[PDB]
Amino acid sequence: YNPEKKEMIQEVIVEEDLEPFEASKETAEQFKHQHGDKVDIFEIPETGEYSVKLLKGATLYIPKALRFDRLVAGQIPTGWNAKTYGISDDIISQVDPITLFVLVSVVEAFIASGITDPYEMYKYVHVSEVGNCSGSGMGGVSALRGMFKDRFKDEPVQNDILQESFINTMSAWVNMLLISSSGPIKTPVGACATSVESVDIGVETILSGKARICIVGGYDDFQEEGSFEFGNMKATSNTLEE
Amino acid sequence: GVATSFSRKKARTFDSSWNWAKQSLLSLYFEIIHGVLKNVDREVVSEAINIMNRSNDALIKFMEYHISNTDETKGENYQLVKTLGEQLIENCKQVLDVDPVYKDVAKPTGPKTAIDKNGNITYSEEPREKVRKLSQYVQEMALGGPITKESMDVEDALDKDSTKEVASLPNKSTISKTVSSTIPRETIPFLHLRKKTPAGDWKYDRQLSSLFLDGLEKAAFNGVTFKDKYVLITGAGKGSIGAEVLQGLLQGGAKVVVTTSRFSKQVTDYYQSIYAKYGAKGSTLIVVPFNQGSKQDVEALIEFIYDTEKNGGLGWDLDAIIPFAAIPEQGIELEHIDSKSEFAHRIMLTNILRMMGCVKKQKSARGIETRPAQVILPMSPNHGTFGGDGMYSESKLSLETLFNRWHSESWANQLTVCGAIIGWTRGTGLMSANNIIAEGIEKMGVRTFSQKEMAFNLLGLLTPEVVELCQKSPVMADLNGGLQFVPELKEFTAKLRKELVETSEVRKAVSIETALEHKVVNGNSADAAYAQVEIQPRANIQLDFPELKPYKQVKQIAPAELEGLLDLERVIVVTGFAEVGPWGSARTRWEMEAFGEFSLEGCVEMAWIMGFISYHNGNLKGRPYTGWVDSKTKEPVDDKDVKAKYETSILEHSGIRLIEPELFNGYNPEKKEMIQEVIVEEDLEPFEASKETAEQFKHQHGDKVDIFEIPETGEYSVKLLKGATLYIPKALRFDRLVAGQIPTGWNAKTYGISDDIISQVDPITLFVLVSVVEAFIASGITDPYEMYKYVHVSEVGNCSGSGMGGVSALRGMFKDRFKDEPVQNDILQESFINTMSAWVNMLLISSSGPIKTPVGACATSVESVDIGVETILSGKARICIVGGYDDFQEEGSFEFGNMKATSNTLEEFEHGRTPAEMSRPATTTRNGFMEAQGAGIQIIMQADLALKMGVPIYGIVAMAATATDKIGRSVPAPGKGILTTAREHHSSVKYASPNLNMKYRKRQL
Amino acid sequence: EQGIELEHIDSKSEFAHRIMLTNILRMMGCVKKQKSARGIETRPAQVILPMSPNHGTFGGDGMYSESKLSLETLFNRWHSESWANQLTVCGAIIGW
Amino acid sequence: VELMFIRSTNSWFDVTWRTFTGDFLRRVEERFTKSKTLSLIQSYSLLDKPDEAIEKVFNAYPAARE
Amino acid sequence: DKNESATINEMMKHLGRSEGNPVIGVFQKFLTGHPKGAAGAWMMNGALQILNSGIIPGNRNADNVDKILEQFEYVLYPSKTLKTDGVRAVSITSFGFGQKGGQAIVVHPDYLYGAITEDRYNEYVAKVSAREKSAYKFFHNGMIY
Amino acid sequence: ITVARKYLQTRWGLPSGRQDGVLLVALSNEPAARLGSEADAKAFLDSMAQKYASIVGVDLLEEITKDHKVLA
Amino acid sequence: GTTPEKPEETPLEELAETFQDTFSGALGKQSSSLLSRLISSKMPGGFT
Ligand SMILES: *P(=O)(O)OCC(C)(C)[C@@H](O)C(N)=O
């Protein structure tokens, strides 16, 4: 993502027929289904591959590039890598970037509490009395790119991309990889207040007598599309004025 | 006609009698308690038989608890069910580990034709004299009559005490003198077997015929088993001898294949309901679609039956075929024999022969030479004796060759023929053209039959004596009831029919003329102060607040110690609720969920929701009108006429159904728009852009585009060069075509949300705004601000949430921006899960109380409730909105398809499922969930506050909990962490906890 | 049709059944229509039907006996329909 | 009845006003019946003892009292 | 639908449910489909309607109940509507993506009124009877306009 | 917008000061989707040229040599 | 097309032999869809 060169696509009508190109059978029928009259597809009888003639009145999408005025952000230091904390590539190449920030923050928080092995809690407290009451404002935002933009472009996207999008999954992965509690999970969405709401939900979970211990916090990622949408709301500092 | 109907993937197995026994017993229990069935009704016996026929240990543990915990003090009908029950338990235990039985116990009816004063012909089947049991029916059949002349009293308690007739259901009654010895010499019974004489005719054999009737006497007392009998039966649709046979088979735990011509939801349900009332222990019912007129379906059907469960067949081996399929041909004389009759001749003969041919091939194949299949052929006694039957008689008479061919060919060890000469069978208990004259024939000294009697007769040809007999020689059973001996039957029948049509028609004309004479002589003062006023009901739609009982009745329910014991500040209570979803409101969905049909009030709300009807108060074409009015034609509609006018349309456009594109921004899952990146192999034809837009192309493409000012216009030319990238649209065809969508025409306008709001907020927010209003109305809170009479501004909370949120606004900010479509600048604020609650506060409540929005995927509502409760007990909020809400869009539909969470709709259609029957929980064949949309909302309060405000109280939220599962590597796998709500310690469990006993707890207080 | 037992009834036997029965009926149907057309009610046509005495008594005849035995319905239908003044049936039980 | 029917003369002031209250009682029956019935007020003659003819309608549709 | 049946059956076993007293399942999603986040709110609306009628609606698409589910003695799977002498309490169980179980018990509201005095109850009854009329006034006005 | 200005100069006879105002009434009264044919695009501007008329108060051979030069 | 009864516990050495017995040599549906998408997405302009 280079905010000086923000990739869009403009719809244009083919005023005059395109030079044919070869597709598979499958992919050509996909062009024919979309375009109807406005495409011609013909088996090349030697190969089996099809020719695809985009006719006058067909629609195309031609890429363009906006220059965007928000060039600056508070980013994690360059070279930060979940590997250096000792998260496996199985996990890294599966889970959304924001989940990696959370997994590192939960470990590094048990270390601050002198709790090197999460299971030590279950000497004192029943399995059903550790809760997670943390949450995000937007969640797995990179996984939403996957399931709205990248699919649309028929890029390769993992089939389970939708489960990584959900705000309640960063907490799923913390339970699935560290805690193994069967205690409460009450995930808040509080936009920019989600952390203090988290704490509130957390406390009232402990006084209710549902949980003796509770992870509590918040987590949020910066991507291209939120950067842009906060710019259109005029919430963020315009960097060129700055 | 000859089109293939049969697939294996459309075959529906019904086998879960273990579950249907418990449902049938509870359905009988409450029917007796609500006095729908009395101790005189025969249905309580009929129903008892079907619970004995399914008797197992689980069903006795079940009946013991339900019958040993009824308080007989509570009413006369509670005494009845406990007396009946105790007996039905004693029976069920006697018959545990004993084979189940076809035993029909219905009151055998006769026909009755009546013509009134005004010449209207009425038909009614009418309880006979001296035949009030099937025992009696076999005696009557044995004695014959005066015309059949060729030239015992077991007291019961039917129709006075069925609880005593229940007691006598296992008691296997043995008789000395059989009804073989009742048959008076020089008289032919009405039911009789025949024997082939060396000349080659078939005559009444007395001794065969005795054996048959003796089996039939015992069937009537003790009942018949069909355990381990496997049957193919065709033409067994609703209202046929076919279907009253099917009941009897299943009732004796037969395993039956049943073929339908017309396979549909409506039929698959008929069959579900027969199996779930009749299918005894071990019974099974496979329903396959089938054309008997198709050669290739007959070949297929027997291949599917015989084939191994491994190659996708059944693994059965037929012990009886009953090929009773027919197409009716009427008014087809010999000059009119055409394609219909030629096609019927194939269903009713050549393909019967091809189906018996087939089972011989599949039985031989596997060297099966000792397990033959009784073919029961439906014969007529009347070949060409009526006429206008087309090739019907030519079809039936040619089946009489199988009696000879059995001795003359190589198939006698695979097949056995048992030809039934089925006589006059009164179609239904309504007016069949044939029925009205039944009474008239019977006066000759002859018998006609209900279908239950003709079923009984043919199930007697599957008893183990006439099965043992079929295996020696063929069996001709004459179940014609003496109609051989009425002579010139065609003219005799047509006399009787003439004399009813005449006697009616005459008496209808002489009636009409004597009421026009009177009207002329005495005018319109004798016939006008006479014609009464009728009152068509209107639709008083009710809020369905709960019935409050007088205090004296309420103290009976709760323990006396409870008064003063609970702190009601700390009891949570649901005060109202509502929803928007596929069946409209909480009101209309309840009418569908519970009853399956809409009331007059349900039709009107549905019609109003979907904007089919609108109110009008003023002038309609001059006239002054106040009522409903078709929303499109503005033509006045009465409430009685809403069902006729609009039901069909409401049911087509409500529920789970094919995704309607106009609802989802033209999303057509058959045509799902993607874009493929291609490289321009050769330079494009220039196009004109603005200056701005051309610099945008140049910035992206660099070398690979050329942009040149056109010096006249100022506009630029844009030449896309070789090596430039393009995006060409394509279209996936997607396999998820069905979803549970809000009914078509639902519009926030009809609730009175302004266009300012509609054209601003995400669709899901509109479902929520309507659900919160319609929930305050359920709580009798018409003005939200009324709350602030009782409670501070800071003590109303919103603890509702979504799994994904404003999903249409994510399309805006990921897809539509990318395509430089116009998208509102504030689109990002609508995406957020915490904004539906923002808009509820901003447009209705104006609380400054808690807001704690959960994300719980498919559990967000129960988490919402939990967060809600704990917010009220913390003492942060006295009132709390609580619920959940979620929208269906293109992109989630797709992503749930890639996870293989949702039902694939094209597989569903292979199995011949309609969209209605595609969500089927707890089912053998369940294959993924049905995505839906909408919102639910509840209002919860302190009970203290609820009683002060006098809001209705719909229930008490006693408990609410959330639990994670364990270590795993699968986010969508469900688990067991919610078991921790039942966590207790049972080490020290010898003596009672005094803390559980409320009396103790009150003494301490 | 010979050596065609009931397991072997196929297209030949289904086609024979049309020659030896349904199209016989269609040919008598036809003459009734052409005779009625012209109001001929006093010049009937004797149909001589070749009957067998042996229906299924040998076997391996395919649908031969099912064909022949179904012609025995015309004896009843003559009294029960509207074609007795155009056609008269005369069934011959032709022996060996 | 209080405002249009006159106790002293034991009659309706105007017959168009009797019509008015009959038409109204018919609308109660339309609103509160479940099922097409024949009307309890056949002739508006019956209204001429109007307390008896009110009880008759609000006995058979007692929801209307509430 | 096996995992849920299995947990209900193990709660009921551990709390000494009477053998022969199975809870009756209701499967309202047969009719509405699964509205993921709204799922449990519709189940709850449905449960309060069951509570105040004692009508248990049947899964009308339960053709054939999985043989695997007969091992669960403590659950019944009905295919028709059962009109009962009353329902005192209803469980509502929701399983989510991301290890997100939930249970709620809803107790019949006539159990509340045993805890209060005859004067207080009679006062409340009046107050509600008034509200319900007002609410009906409002409903039908807002519906037609 | 070259052809949309050139259609308002030949059909209606509007110069480049009024052609601006006709395109500003065509922006406030923008169509919902892509106009299909060139005949729809003209029918549209004919409507917006008679709606400019209302607001301001205004009341109302060699395409073969082209088709060769295209080929060349 | 072929799938043994329990492939998920069967090693890829022993599966490869159960397919090869009934395998013609051709690329089938799934691996002709992935060579088309390698060439479409990861090869330059002209290179089919
Ligand atoms: P894994 O054993 O986690 O199973 C995943 C599926 C999709 C099968 C499961 O979550 C489901 N939807 O039943």
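Preceding this section is the structure that the text describes.
Residues numbered from 1 in each chain as written, not as in the entry; some residues may be left out. Chains lettered and ligands numbered in written order. Part of a larger assembly, values for the part shown. Heavy atoms only, no water.

1. Observations concerning the overall build of chain D
Secondary structure assignment for chain D yields two helices and three strands. Ordering the α and β elements of chain D from the N terminus gives β-β-α-β-α. At 12 Å, chain D has a C-alpha radius of gyration in line with the 11 Å of a compact globule built from 66 residues. In terms of overall dimensions, chain D has C-alpha extents of about 40 × 20 × 15 Å along its principal axes. (Helix = DSSP H or I, 4+ residues; strand = E, 2+ residues; numbered from the N terminus. Rg over C-alpha atoms; globule rule 2.2 N^0.38 Å.)

2. Quick word on the overall build of chain E
A tally of helices and strands in chain E yields four helices and six strands. Reading chain E from its N end, one meets helices and strands in the order α-β-α-α-β-β-β-β-β-α. Against the 2.2 N^0.38 benchmark of 15 Å for 145 residues, chain E shows a C-alpha radius of gyration of 19 Å, more extended than a compact globule. Counting only C-alpha atoms, chain E reaches 50 × 40 × 35 Å along its principal axes. Sorting the 145 residues of chain E into buried and exposed places 62% on the buried side. If you take every contact in chain E between residues at least 6 apart in sequence, the share linking residues at least 24 apart comes to 62%. Total accessible area computed for chain E in this model is approximately 5,200 Å², and 53% of it derives from carbon and sulfur atoms. Distance between charge centroids for chain E: 7 Å, based on 16 positive and 14 negative side chains. (Buried < 20%, exposed > 50% of the residue type's maximum accessible area, 1.4 Å probe, protein only. Contact = heavy atoms within 4.5 Å. Areas by Shrake-Rupley, 256 points an atom, 1.4 Å probe, with all protein chains shown as cover. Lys, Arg positive; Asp, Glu negative; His and termini not counted. Charge placed at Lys NZ, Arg CZ, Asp CG, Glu CD.)

3. Points about the packing of aromatic side chains
Summed over all chains, the structure comprises 37 aromatic pairs over all chains. Ring centres of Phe545 of chain B and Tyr954 of chain B lie 6.5 Å apart, and the angle between their planes is 70°; this geometry places the pair in the edge-to-face category. Taken together, the positions of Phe545 of chain B in the loop between strand 13 (534-535) and helix 18 (551-555) and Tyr954 of chain B in the loop between helix 32 (943-949) and strand 28 (955-963) put the pair 409 residues apart, joining distant regions of the chain. For the ring pair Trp583 of chain B and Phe598 of chain B, a centre distance of 6.0 Å and an interplane angle of 55° mean the geometry is tilted. In this pair, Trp583 of chain B is assigned in the loop between strand 14 (572-580) and helix 19 (586-595) and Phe598 of chain B in the loop between helix 19 and helix 20 (600-609), connecting sequence segments 15 residues apart. With relative accessibility at 6%, the residue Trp583 of chain B sits in the buried group. Among the aromatic residues, those joined into a cluster by ring pairs are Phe166 of chain A, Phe896 and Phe929 of chain B together with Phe97 of chain E. The residue whose ring lies beneath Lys6 of chain A is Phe228 of chain A, and the NZ or CZ to ring-centre distance is 4.4 Å. (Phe/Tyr/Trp six-rings, centres within 6.5 Å; stacked < 30°, edge-to-face > 60°. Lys NZ or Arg CZ within 6 Å of the ring centre and 35° of its normal.)

4. So, the sheet that holds strand 15 (residues 613-620) of chain B
Residue and element names in this part refer to chain B. Sheet architecture is open: three strands sit in the order 15-16-17, paired in antiparallel fashion. Strands with a single pairing partner mark the edges of an open sheet, and in this sheet they are strand 15 and strand 17 (636-637). Here two bridges tie strand 16 (residues 623-630) to strand 17, and the two strands are oriented antiparallel to one another. Counterpart to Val629 in the pairing with strand 17 is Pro636. (Pairing = 2+ DSSP bridges.)

5. Here we look at the interface of chain A and chain G
Quoted interface sizes are often the accessible area lost when the parts come together. Each partner contributes residues to the interface: chain A has seven residues there, and chain G has four residues. The interface formed by chain A and chain G includes one salt bridge. For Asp154 of chain A, the salt bridge identified is with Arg37 of chain G, shortest N-O distance 3.4 Å. Taken together, chain A and chain G are joined by two residue pairs in polar contact. (Salt bridge = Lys/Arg side-chain N within 4 Å of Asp/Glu carboxyl O. Polar contact = N/O pair within 3.5 Å; in protein donor to acceptor, adjacent residues only side chain to side chain.)

6. Here we look at helix 1 (residues 25-35) of chain A
The complete set of buried residues in helix 1 of chain A reads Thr27, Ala28, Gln30, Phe31, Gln34 and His35 of chain A. Taken end-on, helix 1 of chain A shows its buried residues confined to a sector of 155°, consistent with a single buried face. Of the surrounding secondary structure, the elements contacted by the buried residues of helix 1 of chain A are strand 2 (21-23), strand 3 (39-43), strand 4 (50-54) and strand 5 (59-66) of chain A together with strand 19 (672-679) and strand 23 (725-732) of chain B. Backbone geometry just downstream of helix 1 of chain A places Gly36 of chain A in the positive-phi region, at approximately 65°. (Arc of directions from axis to C-beta.)

7. Topic: the site of the ligand
All names here are of chain B. Lining the immediate surroundings of the ligand are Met899, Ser970, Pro972 and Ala973. One of the backbone nitrogen or oxygen atoms of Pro972 is found 2.6 Å away from an oxygen atom of the ligand. The protein chains hide 43% of the 360 Å² of surface that the ligand would expose on its own. For the shell around the ligand, a count of residues per class yields three nonpolar, one polar and no charged. (Near = heavy atom within 4 Å. Nonpolar A, V, L, I, M, F, W, Y, C, P; charged D, E, K, R; others polar.)

8. Comments concerning the environment of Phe95 of chain E
Within the fold, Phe95 of chain E resides in the loop between strand 5 (89-93) and strand 6 (101-107). Apart from residues lying up to four places away in sequence, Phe95 of chain E is in contact with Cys858, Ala859, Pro974, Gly975 and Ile978 of chain B together with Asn3, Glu4, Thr7, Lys100 and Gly101 of chain E.

9. Some thoughts on the environment of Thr964 of chain B
By the element assignment, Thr964 of chain B lies in the loop between strand 28 and helix 33 (998-1004). Assessed through its relative accessible area of 1%, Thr964 of chain B is described here as buried. As a C-alpha pair, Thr964 of chain B and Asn834 of chain B span 130 residues in sequence and 23 Å in three-dimensional space. Those residues within four positions of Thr964 of chain B in sequence are excluded, and the remaining contacts are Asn175, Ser181, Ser182, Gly183, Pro184 and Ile185 of chain A, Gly977 of chain B together with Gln99 of chain E.

10. Examining the arrangement of the chains
Interchain contacts are distributed over 10 pairs of chains, and the most extensive set of them lies between chains B and E. The closest approach of any C-alpha atom in chain C to one in chain E is 36 Å; the two make no contact. Contact between chain F and chain G is absent, and the least distance between their C-alpha atoms amounts to 27 Å.

11. Focus: the pairing of strand 11 (residues 415-422) of chain B
All names here are of chain B. Among the eight residues in strand 11, eight count as buried, and that is most of the element. With burial as the criterion, each face of strand 11 is covered, one bearing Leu415, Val417, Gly419 and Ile421 and the other bearing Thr416, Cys418, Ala420 and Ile422. In this sheet, strand 11 lies alongside strand 10 (residues 373-379) in parallel orientation, the contact comprising seven bridges. By the bridge assignment for strand 11, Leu377 is matched with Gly419. Bridge analysis of strand 11 against strand 12 (residues 475-479) gives five bridges, and the strand direction is parallel.

12. A short note on unusual backbone geometry
All names here are of chain A. The residue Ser180 is not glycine, and still its phi comes out positive at about 60°. Tracing the chain through its elements places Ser180 in the loop between helix 7 (169-179) and helix 8 (194-207). With a phi angle near 60°, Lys234 is a residue other than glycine that sits in the positive phi range.

13. Describing the state of the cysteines
The tally for this structure, following the rule as stated, stands at zero disulfides over all chains. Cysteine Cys880 of chain B is unpaired, with the sulfur of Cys799 of chain B as its nearest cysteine sulfur at 3.0 Å. (Disulfide = S-S within 2.5 Å.)

14. So, the pairing of strand 10 of chain B
All names here are of chain B. Among the seven residues that make up strand 10, seven are buried, leaving the element largely enclosed by the rest of the structure. Neither face of strand 10 is left uncovered, since the one carrying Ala373, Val375, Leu377 and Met379 and the one carrying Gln374, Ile376 and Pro378 both have all their residues buried. Relative to strand 10, strand 9 (residues 320-323) runs parallel, the two being bridged by two bridges. Looking at the pairing, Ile321 lines up with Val375 of strand 10. Read as a crossover between parallel neighbours, the route from strand 9 over helix 11 (residues 339-365) to strand 10 is right-handed. (Right-handed = clockwise from strand over helix to strand, strands pointing away.)

Interpretation in functional terms is not warranted from these geometric data alone.
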